[PDB]
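Subsequent text provides structure tokens for two forms of one protein chain, presented individually as structure 1 and structure 2.
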Structure 1
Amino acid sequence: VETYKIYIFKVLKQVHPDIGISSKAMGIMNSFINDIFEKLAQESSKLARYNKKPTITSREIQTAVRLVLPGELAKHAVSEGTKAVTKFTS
């Protein structure tokens, strides 16, 4: 279990500048992020065992996202992940 709460707060203020969040609600948001992190990281671990090299790359994360997320969320998440890696790579 890790804390993402300041970062969750920053995202909240982008999508709703005028809405705050209680400590208990923030606790639930932070739990969601930890749960999804662990599901993607566990799926990524499995996919890496198939590869020539024992590495988790953005390719393993993308596959893990496509397997773990429901299909419509998966599609949008993959678009966001791909765009971030492209911009970082440049």
Structure 2
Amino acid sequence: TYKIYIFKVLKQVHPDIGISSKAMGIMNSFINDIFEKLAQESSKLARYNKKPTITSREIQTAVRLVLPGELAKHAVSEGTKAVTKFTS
């Protein structure tokens, strides 16, 4: 459910305004619809694109292979945190 975030987005432009138990479920249904449409669109495109990609998984597997011992685990840790900051 994305209802709570929607509430917060409401407040971004309409703080005073409330929202009904059923009218939330409509907002919720839009987000799911468009999540799905875009997700599926993205999938088709991704299946079409066929070029090698480096994501952080590759970096993390590199790091584990090339770096020794606990130094490798410390490094994976700092890397994971840094992507997570950037994410959240």
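Only residues modelled in both forms are compared. Between two forms, the rigid core is the largest collection of C-alphas that superpose within 1.5 Å. Quick note, the numbers are simply positions in structure 1, starting from 1.
If you fit the larger rigid part between structures 1 and 2 on its C-alpha atoms, the smaller part is left turned by 174 degrees. Relative to the superposed core, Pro54 moves its CA by 7.6 Å between structures 1 and 2. With both forms fitted on their core, the C-alpha atom of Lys83 sits 22.0 Å from where it sits in the other form; this compares the forms between structures 1 and 2. When the two forms are overlaid on the core, a lone consecutive residue run of 3+ whose CA positions all differ by 2 Å or more between structures 1 and 2 maps to 52-90.
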